[PDB]
Amino acid sequence: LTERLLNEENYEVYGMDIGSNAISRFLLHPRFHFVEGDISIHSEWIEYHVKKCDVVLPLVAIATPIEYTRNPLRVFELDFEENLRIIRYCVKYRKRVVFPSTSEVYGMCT
Amino acid sequence: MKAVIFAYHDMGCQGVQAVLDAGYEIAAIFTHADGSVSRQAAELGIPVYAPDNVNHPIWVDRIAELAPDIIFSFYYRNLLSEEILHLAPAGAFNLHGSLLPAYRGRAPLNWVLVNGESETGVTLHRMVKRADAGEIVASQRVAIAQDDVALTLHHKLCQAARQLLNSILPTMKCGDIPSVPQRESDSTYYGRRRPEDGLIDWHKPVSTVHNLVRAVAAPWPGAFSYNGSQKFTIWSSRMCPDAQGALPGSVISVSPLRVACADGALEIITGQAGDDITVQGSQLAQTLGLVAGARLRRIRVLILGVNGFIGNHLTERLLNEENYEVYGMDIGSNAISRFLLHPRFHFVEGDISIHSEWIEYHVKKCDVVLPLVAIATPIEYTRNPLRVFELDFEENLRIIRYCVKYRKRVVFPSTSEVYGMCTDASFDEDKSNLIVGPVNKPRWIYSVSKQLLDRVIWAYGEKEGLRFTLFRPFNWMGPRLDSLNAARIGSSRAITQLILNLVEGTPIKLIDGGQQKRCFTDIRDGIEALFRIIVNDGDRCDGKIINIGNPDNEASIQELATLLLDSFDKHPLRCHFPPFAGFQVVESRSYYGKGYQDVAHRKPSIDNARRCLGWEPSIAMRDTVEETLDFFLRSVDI
Amino acid sequence: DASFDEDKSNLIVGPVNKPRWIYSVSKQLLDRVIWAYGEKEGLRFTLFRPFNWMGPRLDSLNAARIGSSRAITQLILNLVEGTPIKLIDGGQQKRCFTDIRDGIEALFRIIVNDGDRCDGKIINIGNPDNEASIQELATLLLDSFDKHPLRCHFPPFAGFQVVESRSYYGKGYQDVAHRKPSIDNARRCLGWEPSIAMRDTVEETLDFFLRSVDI
Amino acid sequence: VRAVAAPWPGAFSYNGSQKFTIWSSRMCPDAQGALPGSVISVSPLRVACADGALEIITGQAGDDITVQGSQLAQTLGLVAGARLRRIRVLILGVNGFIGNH
Ligand SMILES: O=C(O)[C@H]1O[C@H](OP(=O)(O)OP(=O)(O)OC[C@H]2O[C@@H](n3ccc(=O)[nH]c3=O)[C@H](O)[C@@H]2O)[C@H](O)[C@@H](O)[C@@H]1O
Ligand SMILES: O=C(O)[C@H]1O[C@H](OP(=O)(O)OP(=O)(O)OC[C@H]2O[C@@H](n3ccc(=O)[nH]c3=O)[C@H](O)[C@@H]2O)[C@H](O)[C@@H](O)[C@@H]1O
């Protein structure tokens, strides 16, 4: 998504993560700004940036079927709690969430 | 005769009945917790004890109270102290497994199979202070067959002991010593086997690999290797000389399972793929999915206070080594200007007194944490005791809880002042006591602080699994040790304060006589030892309280200023500075203020640093004073 | 030091691999922080260091079975449930035992603070006239047990037995051999010296804990 | 005692408050007169039941090693003796549908 929006004309993308070991190609791209952050720790840097931006895409999530039974609590505490904190940041500062739901929400649907 | 027997496992099980058969009166059998020796002596109506350490005033002064005549050691795990050996007149004799004086180590019944020995047998000898190096009394040797494995050779050598103690033992009841010393060149003390030793090396002879597999055949850990990333063991094998032109590690057949070695091939009979059941060699290569293949990021160091005494020189050393990503946090970079632009170093803005989020984030991002921020000047202890305690204890402790929570390693900086006014000849991390003055002596608000912090680290690393290593510098000094402009306040260590007195032509004060002695360590030696700890070669540092210091440099502050003055006059800029303002001895409560106290002598036990790092100091006092002087001198408007 | 002086005696503890002193070092650093406040901020304070006080209501018999119990009431438990009186590491070390009444009286005098004599000073409450050993304690304990009007209802005495340190306390323990307080600051500031002798303390402590049990 | 002797968990009881196990025994019919549960002697270690007494051949106190019945009663230290608050319920929402009942 960073490369798509970066190739597009008027997109100033701010990307938060703990590393840059896969986004190395466009790190210094003038329309891309990397920021250091963990959605579990930072409350201010994440809230600041949500104000500064227009759309928010909280792509941080643990989405591995093994981790659900392995680490059920960290799966909940990250996929739910911390992401919801970001969503309340958005309702407060009046921003749009392009939020990622999941296919697993249907579960064993007929 | 009265016999005290230290017996354990199968050997002790048989040896106790061998002594009981030889006519002896048994009045004490000592062993350990859990064929057994405890249930054996229990069902014989014998008194049997199992102490933690038999060398104990409750036990030593109650073993000789039983009036022992002989003491016999049948595979005892703990070592006996000479004071406990000399309790029986006729003496004490340990039955060792190997054919002494060979393999005089521990657990040799495995090592004989490993190397491929042809014969080995029991050897009863007289316990001396040397490790299993007494005088031979009897030796029923046993031959190792081509098929023998661990359990088989165990019961075979066990029969050898049970058979030898039916002859020499009834003869020893009369007080004879038909003993023979050991050629102290014909000795091998093979130590304990660690689990990272039953690993297979396929680039060796099949004889070697088969010898290993037999050495750890059930119920031992068993030889093992890895297909891709699946640890699988090999319980039994067959030395197949068929080379079948294949590279070491390559699978040849799947039924029979055959792996190629440097010469020939090893044929795997049984084994397990993981902790699942032991299976047939073909079924073994099935669950592994074998066909015909072979067999078998840099480190993030977080430095809190990169711009500082240690931090500057530590970042330089970690940086020169290729594979290190150092992240250094500080309020200013006014002295780390040389590597700011260095790609393998990232500076980051922060103060541990304010930031409580960025710290935690970075502790996650890194691999080892070095909270080098700490106010460590004797004057500030009495001046701002609350400031010293809040910064050096409270805030740094919060950094450590970050580490225990995120499972990082803490190379934490303890101090020499943790010992305080210690009497010991050399201050030992693991034995020296810790002496401090009363509460009305606030100079120790620093010492007590770093110590309690030490103990909390200890508690975490022990009750919660914190990876840590404590290092206690001993008066490190060199370039970049405080600043002369901040040394004018008193907030400065000893050396650069006297250098300031030479620069501005102030009398060099020698507090309270100036006759106390300390060991002065060079910066290069201390930074090498710290890096050796950080590399942590083979976990030699985990849980250890190491000690960095240079005992070759014990001098007095008068001796220090003397060596300093002679290097000042010999400097090419002595002319640029005023004439020397002389010495003058002053009260302590005249320069440090009320409530001061001091340690008179200081000598570090670098035993652990020698033992864990393969390091001993080098640069002597003279070189340090010269380089320290030079740097600070030319860093002046000239 | 023969008698521990709050204002002169040093403070000695074993190395870090002796977590017994996690308590001592903790209470001391806290002591020193109070001292700092009292001078760098003017905190009104007074520090009192009890010396093996004992009497009625000292731990519980139910919390003594876990180990969470001081020496006196632990042995009282041993004599209550037919359990041997263990004398850790010989039980031959000595401490000065202060009665509850005297210690409370000294503390009350501290709270009164007659004429600000207690401000900034580290008072020490103890009875140097009651130095005894755990061996000698347990014997004086036993001696008071059998002449008690309820000797009969409790089971027989189970004997004494010496035990290693790291068999009852575990890894990393160490102990202070002798302990005697300098009660000068108490005397000087409180007009206070101890009175009740050990036997009364032993007898009243036992008496209370004994009848505090269902029959 | 036989039904769970080694290497099975083993029978056990309480010496006041310490857990000791009985590995081997001899049901001893000589109903030597004591309360069922009283210790009769040390060597042999005997404890009374309803119809006689049980005799302790071997055993272990705590997890220290197994010994003779005599040594067991010493590590325990025995003579003729005998073997051997309400619940706080917090209700958030006490005034309501379930709570009141
Ligand atoms: O690295 C160490 O071993 C420890 O040493 C220091 O303790 P200290 O040696 O007492 O402090 P110094 O600045 O090195 O002073 C040493 C002695 O020199 C003397 N001195 C110092 C300055 C001066 O102007 N004149 C003078 O006579 C004083 O007696 C002073 O105690 C610090 O307390 C610790 O932070 C440090 O870790
Ligand atoms: O109240 C006090 O003076 C101090 O009591 C304790 O220190 P200590 O007296 O040494 O510990 P105790 O449990 O009261 O017992 C004293 C010693 O008797 C010994 N002991 C204990 C129990 C026992 O059954 N047998 C026995 O010999 C132990 O070695 C123990 O250290 C606490 O550590 C201090 O915090 C407290 O201030």
# chains A, B, ... in the order shown; residues from 1 in each chain; ligands from 1
>>> interface_residues(of="chain B", to="chain D", cutoff="7 Å", atoms="only C-alpha atoms", output="short mmCIF file (atom, residue, chain, number, x, y, z; two decimals) with N, CA, C and O atoms, in the first residue's frame")
data_model
loop_
_atom_site.label_atom_id
_atom_site.label_comp_id
_atom_site.auth_asym_id
_atom_site.auth_seq_id
_atom_site.Cartn_x
_atom_site.Cartn_y
_atom_site.Cartn_z
N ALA B 33 19.26 -37.27 47.33
CA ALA B 33 17.85 -37.54 47.08
C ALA B 33 17.68 -38.19 45.71
O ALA B 33 18.64 -38.36 44.94
N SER B 38 19.17 -45.31 48.87
CA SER B 38 18.34 -44.91 50.00
C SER B 38 17.42 -46.05 50.43
O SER B 38 17.37 -46.40 51.61
N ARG B 39 16.67 -46.62 49.48
CA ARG B 39 15.79 -47.73 49.82
C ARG B 39 16.58 -48.97 50.22
O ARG B 39 16.09 -49.78 51.02
N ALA B 42 17.63 -48.45 53.75
CA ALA B 42 16.41 -48.42 54.54
C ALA B 42 15.94 -49.83 54.88
O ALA B 42 15.64 -50.14 56.04
N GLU B 43 15.88 -50.71 53.88
CA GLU B 43 15.44 -52.08 54.08
C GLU B 43 16.49 -52.96 54.74
O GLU B 43 16.21 -54.13 55.01
N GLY B 45 17.79 -51.90 57.67
CA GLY B 45 17.85 -51.36 59.02
C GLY B 45 19.02 -50.45 59.30
O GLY B 45 19.30 -50.17 60.47
N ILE B 46 19.72 -49.98 58.27
CA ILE B 46 20.88 -49.10 58.43
C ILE B 46 20.39 -47.66 58.60
O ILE B 46 19.35 -47.30 58.02
N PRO B 47 21.06 -46.82 59.39
CA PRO B 47 20.80 -45.38 59.32
C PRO B 47 21.42 -44.79 58.06
O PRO B 47 22.59 -45.02 57.77
N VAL B 48 20.62 -44.04 57.31
CA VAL B 48 21.05 -43.45 56.05
C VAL B 48 20.62 -41.99 56.02
O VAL B 48 19.46 -41.67 56.27
N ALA B 50 21.01 -38.02 53.95
CA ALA B 50 21.21 -37.37 52.65
C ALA B 50 21.34 -35.87 52.85
O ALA B 50 20.37 -35.12 52.68
#
>>> residues_around(residues="residue 84 (chain D)", least_positions_apart="3", cutoff="6 Å", atoms="only C-alpha atoms", output="number ranges by chain")
D: 14-16
>>> write_last_selection(atoms="N, CA, C and O atoms", output="mmCIF file, in the first residue's frame")
data_model
loop_
_atom_site.group_PDB
_atom_site.id
_atom_site.type_symbol
_atom_site.label_atom_id
_atom_site.label_comp_id
_atom_site.auth_asym_id
_atom_site.auth_seq_id
_atom_site.Cartn_x
_atom_site.Cartn_y
_atom_site.Cartn_z
ATOM 1 N N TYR D 14 0.077 -37.095 58.523
ATOM 2 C CA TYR D 14 0.634 -35.836 59.003
ATOM 3 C C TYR D 14 1.198 -35.997 60.407
ATOM 4 O O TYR D 14 0.509 -36.486 61.308
ATOM 5 N N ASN D 15 2.451 -35.580 60.585
ATOM 6 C CA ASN D 15 3.058 -35.473 61.911
ATOM 7 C C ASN D 15 2.796 -34.065 62.439
ATOM 8 O O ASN D 15 3.667 -33.194 62.472
ATOM 9 N N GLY D 16 1.555 -33.852 62.853
ATOM 10 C CA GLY D 16 1.120 -32.502 63.119
ATOM 11 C C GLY D 16 0.887 -31.777 61.811
ATOM 12 O O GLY D 16 -0.259 -31.626 61.378
#
>>> residues_around(residues="residue 52 (chain A)", least_positions_apart="2", cutoff="12 Å", atoms="only C-alpha atoms", output="PDB file with N, CA, C and O atoms, in the first residue's frame")
ATOM      1  N   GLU A  12       0.916  12.038   0.758  1.00  0.00           N
ATOM      2  CA  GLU A  12       1.957  12.137   1.775  1.00  0.00           C
ATOM      3  C   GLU A  12       1.655  11.050   2.796  1.00  0.00           C
ATOM      4  O   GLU A  12       0.737  11.187   3.608  1.00  0.00           O
ATOM      5  N   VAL A  13       2.410   9.958   2.742  1.00  0.00           N
ATOM      6  CA  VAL A  13       2.159   8.796   3.587  1.00  0.00           C
ATOM      7  C   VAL A  13       3.108   8.825   4.777  1.00  0.00           C
ATOM      8  O   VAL A  13       4.319   9.029   4.619  1.00  0.00           O
ATOM      9  N   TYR A  14       2.553   8.643   5.970  1.00  0.00           N
ATOM     10  CA  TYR A  14       3.321   8.511   7.201  1.00  0.00           C
ATOM     11  C   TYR A  14       3.177   7.082   7.704  1.00  0.00           C
ATOM     12  O   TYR A  14       2.074   6.657   8.067  1.00  0.00           O
ATOM     13  N   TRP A  45       2.807   9.625  20.281  1.00  0.00           N
ATOM     14  CA  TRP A  45       3.252   9.697  18.892  1.00  0.00           C
ATOM     15  C   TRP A  45       2.171   9.191  17.949  1.00  0.00           C
ATOM     16  O   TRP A  45       1.984   9.737  16.857  1.00  0.00           O
ATOM     17  N   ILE A  46       1.430   8.164  18.364  1.00  0.00           N
ATOM     18  CA  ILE A  46       0.357   7.648  17.523  1.00  0.00           C
ATOM     19  C   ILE A  46      -0.805   8.629  17.476  1.00  0.00           C
ATOM     20  O   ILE A  46      -1.382   8.879  16.411  1.00  0.00           O
ATOM     21  N   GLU A  47      -1.168   9.198  18.627  1.00  0.00           N
ATOM     22  CA  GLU A  47      -2.271  10.153  18.663  1.00  0.00           C
ATOM     23  C   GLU A  47      -1.918  11.426  17.905  1.00  0.00           C
ATOM     24  O   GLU A  47      -2.738  11.955  17.147  1.00  0.00           O
ATOM     25  N   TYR A  48      -0.703  11.941  18.114  1.00  0.00           N
ATOM     26  CA  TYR A  48      -0.215  13.074  17.336  1.00  0.00           C
ATOM     27  C   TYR A  48      -0.419  12.841  15.847  1.00  0.00           C
ATOM     28  O   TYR A  48      -1.031  13.658  15.148  1.00  0.00           O
ATOM     29  N   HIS A  49       0.098  11.721  15.345  1.00  0.00           N
ATOM     30  CA  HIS A  49       0.072  11.477  13.910  1.00  0.00           C
ATOM     31  C   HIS A  49      -1.351  11.309  13.392  1.00  0.00           C
ATOM     32  O   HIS A  49      -1.640  11.689  12.252  1.00  0.00           O
ATOM     33  N   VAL A  50      -2.253  10.753  14.206  1.00  0.00           N
ATOM     34  CA  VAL A  50      -3.644  10.614  13.781  1.00  0.00           C
ATOM     35  C   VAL A  50      -4.269  11.988  13.568  1.00  0.00           C
ATOM     36  O   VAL A  50      -5.038  12.199  12.621  1.00  0.00           O
ATOM     37  N   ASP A  54      -5.133  12.407   7.604  1.00  0.00           N
ATOM     38  CA  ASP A  54      -6.521  12.470   7.167  1.00  0.00           C
ATOM     39  C   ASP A  54      -7.217  11.119   7.226  1.00  0.00           C
ATOM     40  O   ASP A  54      -8.339  11.020   7.730  1.00  0.00           O
ATOM     41  N   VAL A  55      -6.580  10.070   6.713  1.00  0.00           N
ATOM     42  CA  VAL A  55      -7.088   8.710   6.827  1.00  0.00           C
ATOM     43  C   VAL A  55      -6.098   7.897   7.645  1.00  0.00           C
ATOM     44  O   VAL A  55      -4.882   8.103   7.571  1.00  0.00           O
ATOM     45  N   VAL A  56      -6.628   6.969   8.437  1.00  0.00           N
ATOM     46  CA  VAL A  56      -5.824   6.101   9.288  1.00  0.00           C
ATOM     47  C   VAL A  56      -6.098   4.657   8.896  1.00  0.00           C
ATOM     48  O   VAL A  56      -7.258   4.258   8.746  1.00  0.00           O
ATOM     49  N   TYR A  89      -8.871   7.385  18.956  1.00  0.00           N
ATOM     50  CA  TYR A  89      -8.106   8.533  18.481  1.00  0.00           C
ATOM     51  C   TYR A  89      -8.768   9.151  17.260  1.00  0.00           C
ATOM     52  O   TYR A  89      -8.753  10.373  17.082  1.00  0.00           O
ATOM     53  N   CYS A  90      -9.368   8.317  16.413  1.00  0.00           N
ATOM     54  CA  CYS A  90      -9.921   8.802  15.156  1.00  0.00           C
ATOM     55  C   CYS A  90     -11.272   9.471  15.367  1.00  0.00           C
ATOM     56  O   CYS A  90     -11.543  10.532  14.794  1.00  0.00           O
ATOM     57  N   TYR A  93     -10.500  12.989  16.940  1.00  0.00           N
ATOM     58  CA  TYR A  93      -9.925  13.982  16.050  1.00  0.00           C
ATOM     59  C   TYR A  93     -10.603  14.002  14.687  1.00  0.00           C
ATOM     60  O   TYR A  93     -10.124  14.692  13.781  1.00  0.00           O
ATOM     61  N   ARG A  94     -11.700  13.258  14.529  1.00  0.00           N
ATOM     62  CA  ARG A  94     -12.558  13.303  13.344  1.00  0.00           C
ATOM     63  C   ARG A  94     -11.765  12.968  12.077  1.00  0.00           C
ATOM     64  O   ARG A  94     -11.558  13.791  11.184  1.00  0.00           O
ATOM     65  N   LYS A  95     -11.327  11.715  12.031  1.00  0.00           N
ATOM     66  CA  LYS A  95     -10.592  11.179  10.901  1.00  0.00           C
ATOM     67  C   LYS A  95     -11.301   9.930  10.400  1.00  0.00           C
ATOM     68  O   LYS A  95     -12.163   9.362  11.076  1.00  0.00           O
TER      69      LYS A  95
END
>>> select_by_dssp(residues="chain C", states="helix (DSSP H, G or I)", output="VMD selection string")
chain C and resid 19 to 40 61 to 64 71 to 80 89 to 91 100 to 112 114 to 116 128 to 130 134 to 146 165 to 168 184 to 190 198 to 211
>>> residues_near_ligand(ligand="ligand 2", cutoff="6 Å", atoms="only C-alpha atoms and all ligand atoms", output="list in words")
residues 51, 52, 53, 70, 71, 74, 75, 86, 87, 88, 91, 134 and 175 of chain C
>>> write_last_selection(atoms="N, CA and C atoms", output="PDB file, in the first residue's frame")
ATOM      1  N   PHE C  51      14.532  -4.082  68.594  1.00  0.00           N
ATOM      2  CA  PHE C  51      15.520  -5.149  68.730  1.00  0.00           C
ATOM      3  C   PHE C  51      14.825  -6.395  69.267  1.00  0.00           C
ATOM      4  N   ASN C  52      14.343  -7.230  68.346  1.00  0.00           N
ATOM      5  CA  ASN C  52      13.712  -8.512  68.665  1.00  0.00           C
ATOM      6  C   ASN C  52      12.651  -8.365  69.753  1.00  0.00           C
ATOM      7  N   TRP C  53      11.726  -7.434  69.534  1.00  0.00           N
ATOM      8  CA  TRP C  53      10.577  -7.325  70.419  1.00  0.00           C
ATOM      9  C   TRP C  53       9.746  -8.598  70.347  1.00  0.00           C
ATOM     10  N   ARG C  70       8.336 -15.075  63.326  1.00  0.00           N
ATOM     11  CA  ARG C  70       9.575 -14.808  64.035  1.00  0.00           C
ATOM     12  C   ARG C  70       9.893 -15.966  64.981  1.00  0.00           C
ATOM     13  N   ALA C  71      11.123 -15.961  65.504  1.00  0.00           N
ATOM     14  CA  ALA C  71      11.662 -17.145  66.171  1.00  0.00           C
ATOM     15  C   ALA C  71      10.782 -17.598  67.331  1.00  0.00           C
ATOM     16  N   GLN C  74       7.422 -19.127  66.421  1.00  0.00           N
ATOM     17  CA  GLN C  74       7.647 -20.357  65.667  1.00  0.00           C
ATOM     18  C   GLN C  74       7.921 -21.525  66.605  1.00  0.00           C
ATOM     19  N   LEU C  75       8.775 -21.311  67.609  1.00  0.00           N
ATOM     20  CA  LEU C  75       9.037 -22.360  68.588  1.00  0.00           C
ATOM     21  C   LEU C  75       7.795 -22.657  69.417  1.00  0.00           C
ATOM     22  N   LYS C  86      13.482 -26.753  66.030  1.00  0.00           N
ATOM     23  CA  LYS C  86      14.691 -26.731  65.222  1.00  0.00           C
ATOM     24  C   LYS C  86      15.578 -25.566  65.639  1.00  0.00           C
ATOM     25  N   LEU C  87      16.866 -25.841  65.817  1.00  0.00           N
ATOM     26  CA  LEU C  87      17.859 -24.826  66.166  1.00  0.00           C
ATOM     27  C   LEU C  87      18.763 -24.644  64.948  1.00  0.00           C
ATOM     28  N   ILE C  88      18.376 -23.713  64.069  1.00  0.00           N
ATOM     29  CA  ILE C  88      19.055 -23.542  62.787  1.00  0.00           C
ATOM     30  C   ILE C  88      20.528 -23.234  63.011  1.00  0.00           C
ATOM     31  N   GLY C  91      21.776 -23.092  66.540  1.00  0.00           N
ATOM     32  CA  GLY C  91      20.946 -22.307  67.437  1.00  0.00           C
ATOM     33  C   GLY C  91      21.724 -21.667  68.562  1.00  0.00           C
ATOM     34  N   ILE C 134      19.159 -18.696  71.002  1.00  0.00           N
ATOM     35  CA  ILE C 134      17.965 -19.449  70.624  1.00  0.00           C
ATOM     36  C   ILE C 134      17.923 -20.778  71.364  1.00  0.00           C
ATOM     37  N   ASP C 175      23.215 -14.962  58.462  1.00  0.00           N
ATOM     38  CA  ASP C 175      22.642 -14.575  59.742  1.00  0.00           C
ATOM     39  C   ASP C 175      23.613 -13.690  60.514  1.00  0.00           C
TER      40      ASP C 175
END
